[PDB]
């Protein structure tokens, strides 16, 4: 599905005008949905247009329960990491100038307010002025951590939201790389000497983090500036991705061993928008969908 709302216009005050359009683009098979709020700001005091682009929607984990009949060995795939990126193409007059979250964050939920002030000053505050422009982000990431991609620059911003500190029946925390020389990576292992089938010897699904077995609901803001005298369109590409890890267990005739294999299936959805900075409108000119190992 895809949809773009008509532009709405709002006078923030005598100097600042807001033009807002919301674009939706999804992939039903992949269970990835992008809800993009394009907030274009024109400011009489400042010679650049500002786009405060909010990226929201859904990225399913891809988890499926293991087969409970699996006897001596079992496995499942889970949401090890979610990646979101926004990049500018096709116009050297456009630059990423700010974004939120700015810094690494391991809070169970991320809640921020981002504001526009005359002159293009961008500022940020925490949690969720009536005559100033602001936009908010709010997402849960329990047991996970947000990092900013170190390749981030003037043409691209990306974030990763990675499994970080996961408890397993009071044991842990564990993550994607935990290691014990006897039991392996015990992240989602049930019991070390369980008499259950392998498929029944994992942490119950309900006890896994929501991001591991459910979905992530991203909310990220990219702030882009555009030289107002430049008349060329530009392109913005928004990518949502999941890295699916394969968690396994194995019975060795004395005890179980767990293992986690990172990013064994990568699922990516990208939408490409053409941006008309003079009319403050966007068009979906492209999508691409990828799955490196489909069917898992």
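Positions refer to the first chain, counted from 1.
Visitor: Taking the recorded C-alpha temperature factors, which stretch has the higher mean, 92-100 or 212-220?
Guide: The stretch with the larger average C-alpha B-factor is 92-100.
Visitor: With reference to the PDB entry, specify whether the mean Cα temperature factor is higher for 185-193 or for 129-137.
Guide: The deposited B-factors put 129-137 ahead on the C-alpha mean.
Visitor: Which one of 121, 142, 162, 177 shows the biggest C-alpha B-factor in the PDB entry?
Guide: Comparing C-alpha B-factors across 121, 142, 162, 177, the top value belongs to 121.
Visitor: Just to confirm, going by the entry's C-alpha B-factors, which of 203, 84, 114, 166 comes out highest?
Guide: Going by the entry's C-alpha B-factors, 114 comes out highest.
Visitor: State the tercile, meaning the lowest, middle or highest third, of residue 46 with respect to the CA B-factors recorded for its chain.
Guide: Highest third.
Visitor: Would the CA B-factor of residue 31 place it in the lowest, middle or highest third of its chain?
Guide: Middle third of the chain for residue 31's C-alpha B-factor.
Visitor: Quick check for you: using the entry's CA B-factors within this chain, is residue 243 in the lowest, middle or highest third?
Guide: Its C-alpha B-factor, which the entry lists for residue 243, ranks in the lowest third among residues of this chain.
Visitor: What third of its chain's C-alpha B-factors does residue 152 belong to: lowest, middle or highest?
Guide: Top third by C-alpha B-factor.
Visitor: Ranking the modelled residues of this chain by C-alpha B-factor as given in the entry, is residue 229 in the lowest, middle or highest third?
Guide: Tercile = highest for this residue's CA B-factor.
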